[PDB]
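Q: Shown below is the structure under consideration.
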Amino acid sequence: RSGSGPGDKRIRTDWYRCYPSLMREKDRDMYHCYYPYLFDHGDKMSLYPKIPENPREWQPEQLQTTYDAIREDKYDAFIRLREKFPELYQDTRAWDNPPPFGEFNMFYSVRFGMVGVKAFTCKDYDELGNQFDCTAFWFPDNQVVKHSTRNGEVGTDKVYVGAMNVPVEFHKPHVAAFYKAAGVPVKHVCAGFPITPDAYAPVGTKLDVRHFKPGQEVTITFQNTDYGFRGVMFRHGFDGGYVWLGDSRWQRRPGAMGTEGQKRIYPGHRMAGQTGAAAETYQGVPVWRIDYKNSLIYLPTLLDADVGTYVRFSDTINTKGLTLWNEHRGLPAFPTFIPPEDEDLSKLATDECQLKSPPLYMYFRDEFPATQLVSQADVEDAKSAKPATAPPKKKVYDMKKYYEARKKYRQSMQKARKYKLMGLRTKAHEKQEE
Amino acid sequence: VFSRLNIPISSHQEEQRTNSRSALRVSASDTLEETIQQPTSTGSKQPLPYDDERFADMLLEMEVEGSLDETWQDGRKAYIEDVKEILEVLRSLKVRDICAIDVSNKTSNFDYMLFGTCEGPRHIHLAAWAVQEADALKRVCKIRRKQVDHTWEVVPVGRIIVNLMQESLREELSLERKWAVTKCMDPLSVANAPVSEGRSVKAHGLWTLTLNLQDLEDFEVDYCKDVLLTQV
Amino acid sequence: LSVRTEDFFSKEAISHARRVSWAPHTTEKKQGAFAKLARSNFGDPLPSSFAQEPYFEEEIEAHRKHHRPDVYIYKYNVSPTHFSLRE
Amino acid sequence: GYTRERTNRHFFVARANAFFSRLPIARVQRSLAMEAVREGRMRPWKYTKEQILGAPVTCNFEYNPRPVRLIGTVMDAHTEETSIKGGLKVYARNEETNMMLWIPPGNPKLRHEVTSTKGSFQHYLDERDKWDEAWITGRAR
Amino acid sequence: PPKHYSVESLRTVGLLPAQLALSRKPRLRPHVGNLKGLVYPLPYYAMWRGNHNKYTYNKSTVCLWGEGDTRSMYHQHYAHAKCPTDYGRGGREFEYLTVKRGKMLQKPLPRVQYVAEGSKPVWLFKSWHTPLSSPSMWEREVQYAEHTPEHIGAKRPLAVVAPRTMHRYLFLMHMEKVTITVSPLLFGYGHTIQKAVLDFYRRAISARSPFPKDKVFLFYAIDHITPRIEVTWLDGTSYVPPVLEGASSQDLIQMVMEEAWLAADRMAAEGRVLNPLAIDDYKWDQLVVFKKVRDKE
Amino acid sequence: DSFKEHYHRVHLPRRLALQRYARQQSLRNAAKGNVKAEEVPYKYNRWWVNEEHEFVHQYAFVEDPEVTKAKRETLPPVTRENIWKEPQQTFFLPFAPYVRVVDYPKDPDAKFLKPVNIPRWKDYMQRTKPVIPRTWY
Amino acid sequence: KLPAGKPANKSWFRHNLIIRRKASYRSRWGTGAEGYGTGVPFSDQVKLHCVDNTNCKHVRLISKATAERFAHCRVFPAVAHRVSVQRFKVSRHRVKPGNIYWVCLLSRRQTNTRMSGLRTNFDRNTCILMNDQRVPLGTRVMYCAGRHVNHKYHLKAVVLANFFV
Amino acid sequence: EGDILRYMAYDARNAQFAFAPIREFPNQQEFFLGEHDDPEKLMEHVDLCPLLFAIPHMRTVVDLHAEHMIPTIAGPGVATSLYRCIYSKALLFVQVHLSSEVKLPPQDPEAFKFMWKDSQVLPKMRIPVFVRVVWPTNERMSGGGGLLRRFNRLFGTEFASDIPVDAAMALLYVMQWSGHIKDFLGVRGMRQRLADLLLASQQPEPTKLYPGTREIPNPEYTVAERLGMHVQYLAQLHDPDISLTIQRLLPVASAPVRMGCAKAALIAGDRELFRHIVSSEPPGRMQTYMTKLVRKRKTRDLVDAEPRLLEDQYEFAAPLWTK
Amino acid sequence: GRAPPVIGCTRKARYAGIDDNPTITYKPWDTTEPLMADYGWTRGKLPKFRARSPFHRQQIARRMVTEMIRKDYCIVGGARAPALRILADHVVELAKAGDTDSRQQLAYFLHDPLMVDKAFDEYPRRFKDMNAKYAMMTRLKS
RNA sequence: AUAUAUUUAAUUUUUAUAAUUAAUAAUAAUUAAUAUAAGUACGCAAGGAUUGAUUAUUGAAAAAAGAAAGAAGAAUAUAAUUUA
Ligand SMILES: [Mg+2]
Ligand SMILES: [Mg+2]
Ligand SMILES: [Mg+2]
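Next comes the structure, spelled out in structure tokens:
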């Protein structure tokens, strides 16, 4: 595909909101630094510029400073304040002792994804009443297959992950040889994910669906439906009738006489040809539901792909000037999800291994928000309550009866279904049809 | 518990509708003689006055079974304490002819409708702002700063609506008489014939009805809306 | 995380050299003192930009910069705090 | 010439339809339906068309500032047993309004209950004729 | 259970947050089709370069003073304000993000010198409650005993930073007396030194003081003595501002006022109680002049 | 091939040869029996104030080959229960949520008694980023 | 052919009024039952019923696009096509043919799929007359109002309506 | 362990106000701890009290030089902290009021800045601090009414008959360690201070550094401003006859005293008395600021005593500002 | 809920798989019953061999099935062979069902009532022990 | 009303694996409904702004390294749903 058309001006891109605070390299002197500006001085940091060891190299108006009381006092007070009030100068602790490599970094760490299979389509309703036509994808056997890094350069390290275990007689001889040299089980398809060296996983690592979190945003890549050779009315319809969008020289006023016409078909001209069967990518699709027993992930969107298509799933690094993985929203399973040793998915049921996302909307999309509706009835007793300043607690008269009521409530709340099921099973096993 | 205006509540309510006919709602104890008399009376088969006999019988059975109330149970009802508080606020503002109507049983969007008569746009806006400040505890928005209509103001307070009008516009609308004359909702009303404005070769529909409300006044419509549907 | 009061109010981006001190009682704006004195809120925006080419000279201590002695050795000025080329 | 519309990469050309026996799709659908049932968004149903169509349905839709309460007969059903794609076609006629609703199952805001417990095919035919006449009448002429 | 703020609570209050995933508005991701290869979660780190990550193997770039290969050339400002190893790419190639390989070496922080080990220093609490014109704001913050001049008689070290003020008048509160010796006869050629000293005497008579006549004195030297000024402070120390060729009355006032600030700092360190600066009739007259200037322009 | 195409076709092998010649100096050490990884200096000067008195931070990250090999070879630890059970939040809470309603003063209309802990509307609108020294959300 | 040098389309102002969608395979209107955002808006010269107690019976739409999705942010002017005749004789009765009022849309015959998945096919196209201040000329509404009516843009319309769906 | 304890005591600052247990216990009483140029010193004294936990429920650092905490006539409000007693579990709600000022800002800030730019002497600041003792109903925890009555008759204080001895001794120790035992008082002491200020206003007043002017005001506090601020304090201390005292003091009050009376009536909650004061106030900057003090509908509702004829109509704000 | 990226029944390529998206699609008639299948290039339909019209195609199919039942085999060409094999399977299914409706349907389809009778006589006992695939198709090298 | 040449849009059929560069479709001078800043700032007064949010307008795109004369379905959507 690769586009290369005229484009649609409905989507209003806004790059002016996408520029950080401008900074010039020349403005990186000691008068602009937020912290005490330090000089390299070889093996030890210093507060003064380096003095040339040859006195002949000294400039006529250059001042070789060996002790500046202003800088000394400021640096001393700064260091002593940071040492004596850690909780008060906590934000200044990133100046020295930086976060070490290997740990997850909010602005640096990117991890690999997985390879799913478009399984089926369903419809699910949220708590607000919004319906979502969801596509359920299946992740049969995800496993790190290979590591790659061209010429050992920086930022060129990636990991190749396989999708589906297949027999030996399934692939071509060279693909079978690739998997033999890799030493991992022979997979059906394999996708490469560019990562950072702190997000590596050993070759052969089982990748669980819980690698993703039920509420995050993902980038998916698949192959759309093939429609064959179609016409200009089918693909980019209502266009291609005449040569449009041509910016050439012409006269705006009758003052002069000069024009430059068209003598060929310019590249990008919309005409008939192949339609579909192209690698299509969706960006920022939220995750809806994760079934980690059947290895299923639900996306609230419908695809233009066929059932059985291998879809590459990765994570969207940022959205609207904000990082996906952060302390406010949440942190990922970095580098990948590792199950606990005590877990046994064979003993769990399908209805148990389900993870749902928080609501993706703020109001019933059928109606309007509360600020736009004419009138509404606000009945939210268990959802939330913005009414602060709780009333004073009731004066207790007997700690004995108070603790009795509290323990009774705790015992009636705990083991509401598990104990009931265990008692029912014990009764069914002890009755023996009597 | 406190109401929407932070007022204690001492009067309970019914979660069902008053117009309902449910065995669970009926508290009178049955009698063998009454049952025998009712059986001897029903021994003579006679259809209901509604158009769809099957549908009318099924709807009456559903009503006396009470599943309609189990489906229409709504605990989001308003409170009369808020109506009384708005009444006191409007009385302090000296708003004449305060008329409150409960239309929870009737087909509407609000539980209570208040109607007040104010003399002038200044007084109308003052009363609207005072109702807003009385609802300041739970309100999410304020009223319009610029009056788009100098004779009518609408203030929503939960499921309670407040209309502030002048004498002329109030007498012209006559919404209080409308909502008073309007009978409560009856599930047997949907058993009538459908109506649709369509001119046929003889001005008669085989399965539908044709009624023109242009020749009828507002009060005539308010009084005969259900009457015409029940007759034809 | 949760809502924290630390993120409510923004702090000044003053530099280290232009700062007076790192004390918590001097972390606030410098004009706030006169604002409190005058009992009025000042909302003057964009006070001044640095320059197109902001260049500065090395400042010496308040007493040294005026009581520097004319002490010289072979071809260089000598001070308890500075060295420099002398002709 | 300067672009390409198709992709012949193995990852995209390959399909996984042959390995679908390792995935119980129908069981997952039934599990979703049972989850909806136990959460209370839908109730399990099993009927045929001849015994479902024509039954009055009481539908309460939670809408501000007051839920809308309608009574309308079943005109068609899309699934016999309970399913996440169950569907229900209902004709509801108010005092002067006639509408044809298609209520999906499992929505927490759209609580519809079938009450007749029986079919009433003759009532279905009557409501069908009423809706047809009303629909042909409503067009402006 | 403890309660916290949430999106539902803020909605009930009346505020809705912006949509993150499901929205028909732009999601502000300029790198989806422009940046190729590996992209880092830091947003907009390549927008000033032109929204691309190509041509990163380059070493030298077009750069002004203080950027790039300027380190090999001498500039008076940057030679003392920038380390020759902290020179990066200049222009639009500013490094908002940098990634390198190898073992990171974190050099030890600098050490405060001329501080004896085992010395407990005095800590000065600086706050905005103290007026900025007070020398305490300019005094050292971490002050040791090895920095206190005891030969002068000080209990604390002297201030290291001086106020940056262009002095246009004299403040004779911390000055015991001012004697100005001039020659009676006027030099044949235009004597800028004599003119400047006469202007200095005029401004000292008009200086800021309740009665500057009690402290300013003029003398004539028939011995052809060069015109000079002698300021005796409250402690008895004398200062003689050198009046050289080209110096103006404003320059002499600046010198005298800077030395007066230094002398008052010495007094305060020795323990002398000095009268503070405040509002007076001279300041009211200066306010009249200031209003005149403001009304003019 | 165009001008830039020909230039890159000729020079990319030469760039890789230059990188090999650079790594030759690093391999010089390993042949001496003493292997020392590349030693890059830490940057203590990554916090700045621009011309418009705005805070700027330079993010410099250094990759450790030893940690990279450790992650390539060893197995990652078990995921945290809260990490894999708690869902990712779909909305971003404002740093300074405007409340507009506080039950502290006896008379709610009195503006001069509102507590200063509650953020103002200007704060609610302008605080779209952590405070000046802070860098993480 | 203006401009003389590079002639352009003379429908530049019509493009600012119409809501069009290129009929490719990815962009299609379809029927309203496909989902949310699949109903074709009402074009111009479309007849609607007038259910308020006014002299008018039918109106003709002037708007190039009219739908429920943007009934809260767009103004719909219309002209009174047919007016009821009163053989035996206020502001609502003074409605004369040819006059231009605004219209609040209540229902449509085309399929409308809500975001909750509830499709609806009303009996007939419906609207009520309003002035430039969005105050209905009638005192009562003889039909059902759609859910989109529940918006502050239609305050008086919601007040005068007695049934919503 | 110590690091976590310190960080919890620090995050006590970041704790929110809406979720603070301010009304956790039924009974409450108010006390005035004096006026402080720098109330942060008194706050540090309260923080370092042996009878209170080092981890408070809520802490607010009072920084008068912050753009959101600059004290004005219509000041930012109240900085609030909440401490817990160790032995009785009572609550101390410390309230630093930054809105008690009754001095108008300078008309021309440039002249005031030129005047006070190089001055090396600044006047004191009068910023009030109050404490609300919150305690539950107790019969044997306060040591009976006689113990507190003995404490009151010994130290000239006004404590309730059931206030916990823990909180009583905590307040006493804090005030004595800070050195404001004379400033620590209650309703009776505030009434005595108000009588003293009335006598001082009757007596001739000494000349300050320079007379006040709408252009360049004098930062030093005068007797009338002190009287207004102390009327505000007496209203804050929950005086039962505060409305009667304001009504009796209004006819003989100056402009700052009337501004203080307006603020005091607004604190007490008498909207009718506040509207009466605003309508009786002659037009000027004082009336403009006392109108800006509150959240209103229209300024004429407060300013106009009699209804001003607007478009042959008359508005009435008595129902809006009654009760 | 929203709509798929491509709404409505859109004709895809010959070898394109299913989409499995909510789409209101109707069948011409019940093609699940034997001899009532539809012809097309999707996978749910029989490969439509070349004919002037669907009526002509059905006539060719009827004569093919008639001769198939007549002489137990048939040499056909092109896309007619899969259709003939599937229709022979359908005929065997109808014969094994042996209902009066099945008799009448095979009589409606076939051109020879004697061949209808021959099928219903022979095929049940012939394929009683077979589940499916009653006909064998062999591609010839000529 | 013509594909003859040029030029374009496609294709040369699993290529385990987009990305070191060439070239190339979306660089805000938006519009309308609400609500909040606020019934604030600003006005003699009646009055009354600026303003980052939701809808409204419904879309998503990766180039070249493997063995080739059937239907890429043994065809009635299963990689053989029993099978003589
Ligand atoms: Mg909506
Ligand atoms: Mg009409
Ligand atoms: Mg090939």
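The listed protein sequences correspond, in order, to chains AE, EI, Bf, AT, Ap, Bc, AO, EL and AR. Every number in the entry's author numbering is 26 more than the matching position in the first sequence, counting from 1. Every number in the entry's author numbering is 117 more than the matching position in the second sequence, counting from 1. Every number in the entry's author numbering is 26 more than the matching position in the third sequence, counting from 1. Every number in the entry's author numbering is 1 more than the matching position in the fourth sequence, counting from 1. Every number in the entry's author numbering is 3 more than the matching position in the fifth sequence, counting from 1. Every number in the entry's author numbering is 9 more than the matching position in the sixth sequence, counting from 1. What the seventh sequence shows, in the entry's author numbering, is residues 20 to 108, 114 to 189, in sequence order. Every number in the entry's author numbering is 346 more than the matching position in the eighth sequence, counting from 1. Every number in the entry's author numbering is 9 more than the matching position in the ninth sequence, counting from 1. Beta carbons: idealized from backbone N, C-alpha and C, even for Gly.
#1: Give me the subset of the segment 343–362 of chain AE whose CB atoms are less than 8 Å from a CB atom of chain Ap, sorted by chain position.
#2: State buried or exposed for AT/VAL29, treating a residue as buried only when at least 16 other CB atoms are found within 10 Å of its CB.
#3: Across the segment 267–285 of chain EI and the segment 22–39 of chain AR, are there enough close Cβ pairs to call them in contact, namely three or more that are closer than 8 Å?
#4: Ligand 2: which residues have Cβ under 6 Å from any of its heavy atoms, chain order?
#5: Give the residues of chain EL in contact with Ap/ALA210, contact being defined as C-beta atoms less than 7 Å apart.
#6: Just to make sure I have the definition right: I need the residues of chain EL whose C-beta is within less than 7 Å of the C-beta of Bf/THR107. Which are they?
#7: Out of EL/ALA608, EL/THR426 and EL/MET461, which has the shortest C-alpha to C-alpha gap to EL/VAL407?
#8: Please check if any C-beta of chain AT sits within less than 8 Å of the C-beta of AE/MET140.
#9: Select from the segment 270–286 of chain EI all residues with a C-beta closer than 7 Å to any C-beta belonging to chain AE, and list them in chain order.
#10: Please list, in chain order, the residues of the segment 39–54 of chain Bf that have any C-beta partner in chain Ap closer than 8 Å.
#11: Thinking AO/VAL183 and EI/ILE278 are a contact (beta carbons under 8 Å), I'd like their distance in whole angstroms, please.
#12: Taking AE/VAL187 as the reference, which of AE/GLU179, AE/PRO211 and AE/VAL422 has the closest Cα?
#13: May I ask you to check if the CB of AE/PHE394 is nearer than 7 Å to at least one heavy atom of ligand 1?
#14: Under the three-state reduction of DSSP, which class applies to AO/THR150: helix, strand or coil?
#15: Rounded to whole angstroms, what is the Cα-Cα separation between AT/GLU63 and AO/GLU87?
#16: Grouping DSSP H, G and I as helix and E and B as strand, with all else coil, what is Ap/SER241?
#17: Mind checking the segment 67–82 of chain Bf against chain Ap and listing, in chain order, the residues whose C-beta falls within less than 9 Å of any C-beta there?
#18: Counting Cβ pairs, one atom from each stretch, are 3 or more of them under 8 Å apart for the segment 48–55 of chain Bc and the segment 95–110 of chain Ap?
#19: Go through the segment 490–549 of chain EL residue by residue and report every complete run of the alpha helix (DSSP H) that reaches 4 residues or more, in order.
#20: Among AE/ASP407, AE/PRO418 and AE/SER321, whose alpha-carbon lies nearest the alpha-carbon of AE/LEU371?
#21: Decide if the segment 10–22 of chain AR is in contact with the segment 46–65 of chain AO; the criterion is three or more beta carbon pairs, one per stretch, under 8 Å apart.
#22: Helix, strand or coil for AT/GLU51 per DSSP?
A: Per the coordinate set shown:
#1: Going along the segment 343–362 of chain AE in chain order, one finds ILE343, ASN344, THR345, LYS346, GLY347, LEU348, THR349, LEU350 and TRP351 with a Cβ nearer than 8 Å to chain Ap.
#2: The C-beta of AT/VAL29 has 16 or more other C-beta atoms within 10 Å across all chains shown, which makes the residue buried.
#3: As far as the Cβ criterion goes, the segment 267–285 of chain EI does not touch the segment 22–39 of chain AR, which means the pair count is below three.
#4: Around ligand 2, the residues whose beta-carbon falls short of 6 Å from at least one of its heavy atoms are AO/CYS69, AO/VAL70, AO/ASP71, AO/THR73, AO/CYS75 and AO/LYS76, given in chain order.
#5: Neighbourhood of Ap/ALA210 in chain EL, by CB distance below 7 Å: empty, with the nearest CB roughly 15 Å away.
#6: Identification of chain EL residues near Bf/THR107 by a Cβ-Cβ cut-off of 7 Å yields none; the smallest Cβ-Cβ distance measures about 29 Å.
#7: Between EL/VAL407 and the set EL/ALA608, EL/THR426 and EL/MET461, the nearest pair of CA atoms involves EL/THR426.
#8: Not one chain AT Cβ lies under 8 Å of AE/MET140.
#9: Listed in sequence order: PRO273, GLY275, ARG276 and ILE278.
#10: Residues are counted here when their Cβ sits less than 8 Å from a Cβ of chain Ap; for the segment 39–54 of chain Bf these are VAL46, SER47, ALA49, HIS51, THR52 and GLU54, given in chain order.
#11: The Cβ separation is near 7 Å, so the contact holds.
#12: Out of AE/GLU179, AE/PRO211 and AE/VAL422, AE/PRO211 has the C-alpha closest to the C-alpha of AE/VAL187.
#13: Distances between the C-beta of AE/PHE394 and the heavy atoms of ligand 1 include at least one below 7 Å.
#14: Collapsing the DSSP output to three states places AO/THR150 in a strand.
#15: AT/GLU63 and AO/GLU87 have their C-alpha atoms roughly 20 Å apart.
#16: Here Ap/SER241 sits in strand by DSSP.
#17: If the cut-off is 9 Å between Cβ atoms, the segment 67–82 of chain Bf has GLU79, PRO80, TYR81 and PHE82 near chain Ap.
#18: Yes, the segment 48–55 of chain Bc touches the segment 95–110 of chain Ap.
#19: Entirely contained in the segment 490–549 of chain EL, the alpha helix (DSSP H) runs reaching 4 residues are, in chain order, 490–501, 511–524 and 533–548.
#20: Considering only alpha carbons, the answer is AE/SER321.
#21: Look at the beta carbons and you see the segment 10–22 of chain AR touching the segment 46–65 of chain AO: at least three pairs across the two are nearer than 8 Å.
#22: In this structure, AT/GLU51 counts as helix in the three-state DSSP scheme.
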